[PDB]
2 protein chains.
Amino acid sequence: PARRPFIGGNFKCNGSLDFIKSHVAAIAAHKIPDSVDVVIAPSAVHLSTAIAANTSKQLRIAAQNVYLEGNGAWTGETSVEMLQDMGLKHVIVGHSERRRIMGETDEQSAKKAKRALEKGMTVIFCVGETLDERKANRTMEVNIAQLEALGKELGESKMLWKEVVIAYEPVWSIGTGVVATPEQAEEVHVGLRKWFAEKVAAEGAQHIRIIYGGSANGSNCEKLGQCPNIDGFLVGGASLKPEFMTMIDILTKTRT
Amino acid sequence: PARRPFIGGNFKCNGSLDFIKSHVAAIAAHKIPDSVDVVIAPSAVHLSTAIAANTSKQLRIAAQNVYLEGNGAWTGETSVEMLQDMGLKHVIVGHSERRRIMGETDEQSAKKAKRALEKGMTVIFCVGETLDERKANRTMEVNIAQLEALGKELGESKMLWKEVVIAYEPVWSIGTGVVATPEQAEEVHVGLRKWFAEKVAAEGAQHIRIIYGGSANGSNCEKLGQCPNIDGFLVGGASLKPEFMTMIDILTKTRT
Ligand SMILES: [Ca+2]
Ligand SMILES: [Ca+2]
């Protein structure tokens, strides 16, 4: 029931070539212990540049999205095969900006994840409810439906769950500066542990990482990290700034 | 009423790092006259690699898609600003694989194009009808609705049309090996010229390029290129092969 802490930084649709070289170099220059997983996710056109600038043996690079077919006639998309050819092993799937703004459905998110996992990738799988859904008292029902879809696609092959990191990001917390309270986030995380224990495996539930995202930063992260079911963070805006490195330091001290 | 010929090659969701280096080098080694525009569009994660391998002063590199906002919280997307920072000036908008498979609407295609054009980019703007629509005798109505949307977004600023290249690709011809006959394609192109003359400008209609796509290759392209309203080609599968270079040679001889 001892879990390795995880922190991811999602650059989103931001960055120039020079900023990527500079900021990746600054993170890579920081001490990153071997006892914590640290991942950053640049925009797709910047992945090659980030890889070249990454001089750290610990720092990993992730893609922000992937398509759910292999190589073929899919103009504008990126395949799992392309990422692995570049040497990448991490990918974000189902981010709310894609679920709620660009119409990506529960099942499509689940199918993207399944294919990446079967190929041997680590998937940061995102779930979260909107303000309306929370007001209608549907928080846990929404979050569990999103996960259930993945369970459906995965099947009785529960071994693929081993490379899933679940990221809970309430939609009303994304980019708004309104971070959830420790009480709000821990409640949802506890909910998800119990679902995982019931629907997948009790021993598995003890080992899978569940991270919190949505306005997480260097000021508010320490208190959150003390919640027992919060294994780390998926960081948006702050991952573009010097305080990402400070978050790495605090995560290490809190949970290792 | 003399128009500069244009050929584009869309790699789609294909390629490895090594294949991109190798194939871009092979195209770049070919003689490309200054009297024809030649553009290739690698997948987004390969753009940097293609740029580095491109030793030609004539060859241009395009992106396969772009989003319709500037830099911000848009996980998985690419901005016009990112492309220009990389030194790119061409982008494909509204490819049918995105209209018909991934739900990209007429107006969204139009808004993507408008933003790219306002920033100074050249847009290869794709239109085309499905087999069902052609059977219901709606070919011209479909194609013109798709373009009208762009006219709507553009406005009384008809000067932005100067950097548009229209690509007609019947959907039933895309990736199927069923190329349209010269008669079928020329008919549609004539239709589009007349719309452009009526809704935009008679002098403009004399200068805008309209290219044909859909199973175009080195065997069937010469006859097509002799149609007066077909100014060149948007090439899919064949752009990944050695015959792309042969198509460049024939286009030059036919239309310059
Ligand atoms: Ca995030
Ligand atoms: Ca094409």
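Note: hydrogens, waters and symmetry copies are ignored here, and every other heavy atom, side chains too, is used. Below, chain A is the first sequence line, B the second, and so on; all start at residue 1.
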Inset, instruction - Begin with the C-alpha distance, continue with both residues' side-chain angles, and end with the deciding distance and a verdict on salt bridge (charged side-chain N to carboxylate O under 4.0 Å, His left out) for B:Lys152 and B:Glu148. - result: CA-CA 6 Å; B:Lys152 181 182 173 190; B:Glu148 285 269 15; over 6 Å; no
Inset, instruction - Using the side chain to side chain contact (heavy atoms under 4.5 Å, CB included) rule, take B:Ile92 and B:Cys126 through it: C-alpha gap first, then chi angles, then the decisive distance, then the call. - result: CA-CA 8 Å; B:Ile92 303 176; B:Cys126 302; 3.8 Å; yes
Inset, instruction - Start with the C-alpha distance between B:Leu47 and B:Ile61, add both sets of side-chain angles, then the distance that settles side chain to side chain contact (heavy atoms under 4.5 Å, CB included), and finish with yes or no. - result: CA-CA 8 Å; B:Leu47 290 170; B:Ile61 297 176; 3.8 Å; yes
Inset, instruction - Please step through side chain to side chain contact (heavy atoms under 4.5 Å, CB included) for the pair B:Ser239 and B:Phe11, ending with a clear verdict. - result: CA-CA 6 Å; B:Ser239 75; B:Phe11 294 0; 3.4 Å; yes
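Counting only distance, with no hydrogens or angles, the side chain of A:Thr256 and the backbone of A:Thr252 share a donor-acceptor pair below 3.5 Å. One N or O on the side chain of A:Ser79 and one on the backbone of A:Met82 form a donor-acceptor pair closer than 3.5 Å. No side-chain donor-acceptor contact under 3.5 Å links A:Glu153 to the backbone of A:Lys114. Remark: the backbone N or O of A:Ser215 is paired with a side-chain donor or acceptor of A:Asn220 at under 3.5 angstrom. The backbone N or O of B:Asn14 sits nowhere less than 3.5 Å from a side-chain atom of A:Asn71 that would complete a donor-acceptor pair. No donor-acceptor pair under 3.5 Å is formed between the side chain of A:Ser157 and the backbone N or O of A:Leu160.
Here the closest heavy-atom approach between residue A:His30 and residue A:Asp249 is recorded as NE2-OD1, 2.7 Å.
One finds the CD1 atom of A:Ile51 at 4.5 Å from the CG atom of A:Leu88 (value rounded to the nearest 0.5 Å). Atoms CG and CD, on A:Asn217 and A:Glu222 in that order, are 12.5 Å from each other to the nearest 0.5 Å. Interatomic distance, CD of B:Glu118 versus CG of B:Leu154, reported as 7.5 Å (0.5 Å rounding). Note that the CZ atom of A:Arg255 and the CD1 atom of A:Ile230 stand 8.0 Å from one another [nearest 0.5 Å]. The line from OG1 of B:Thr78 to CG of B:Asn65 is 7.5 Å long, rounded to the nearest 0.5 Å. Rounding to the nearest 0.5 angstrom, the gap separating the CD1 atom in B:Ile101 from the CD atom in A:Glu77 is 10.0 Å.
Side-chain contact, A:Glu104 with A:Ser109: a donor N or O sits under 3.5 Å from an acceptor N or O. Between the side chains of A:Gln64 and B:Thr75, no donor-acceptor pair is found at a separation under 3.5 Å. Using a 3.5 Å distance cut-off with no hydrogens or angles, the side chains of A:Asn229 and A:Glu186 do pair a donor with an acceptor. A:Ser16 and B:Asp85 are not linked by any side-chain donor-acceptor pair at a separation below 3.5 angstrom, with hydrogens and angles left out of the test.
Relative to the six-membered ring of A:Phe125, A:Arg99 meets both conditions, a distance below 6.0 Å and an angle of at most 45° to the axis.
Classification of A:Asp37 and A:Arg209 as a salt-bridged pair holds, one side-chain N sitting under 4.0 Å from a carboxylate O. Ion pairing of A:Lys194 with A:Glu198 is absent here, as no side-chain N (NZ or NE/NH1/NH2) approaches a carboxylate O to less than 4.0 Å. A salt bridge links A:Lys12 with A:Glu97: at least one charged nitrogen is closer than 4.0 Å to a carboxylate oxygen.
Under the 4.5 Å side-chain criterion, counting only non-hydrogen atoms from C-beta, B:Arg100 is in contact with B:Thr130. The shortest distance between side-chain heavy atoms of A:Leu59 and A:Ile27 falls below 4.5 Å. Residues A:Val164 and A:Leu117 have side chains in contact (heavy-atom distance under 4.5 Å, counting atoms from C-beta outward).
Between A:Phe244 and A:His23, a ring centre-to-centre spacing not shorter than 6.0 Å is recorded.
Annotation: side chain to side chain contact (heavy atoms under 4.5 Å, CB included) contacts of B:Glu169 (sequence neighbours excluded): B:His95, B:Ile174, B:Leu234. A search for side-chain hydrogen bond (donor to acceptor under 3.5 Å, both in side chains) contacts involving B:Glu81 returns B:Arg115, not counting sequence neighbours.
Between A:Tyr212 and A:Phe233, the two ring planes are perpendicular [angle over 60°; tilted spans 30° to 60°]. Note: A:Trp161 and A:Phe196 have perpendicular aromatic rings, judged against thresholds of 30 and 60 degrees for the angle between ring planes. Ring geometry for A:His189 versus A:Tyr168: interplanar angle over 60°, hence perpendicular rather than tilted (30 to 60°).
The neighbour count for A:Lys158 NZ, taken as heavy atoms of other residues, nucleotides or ligands under 6.0 Å away, is above 12. More than 12 heavy-atom neighbours from other residues, nucleotides or ligands sit within 6.0 angstrom of CD on A:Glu183.
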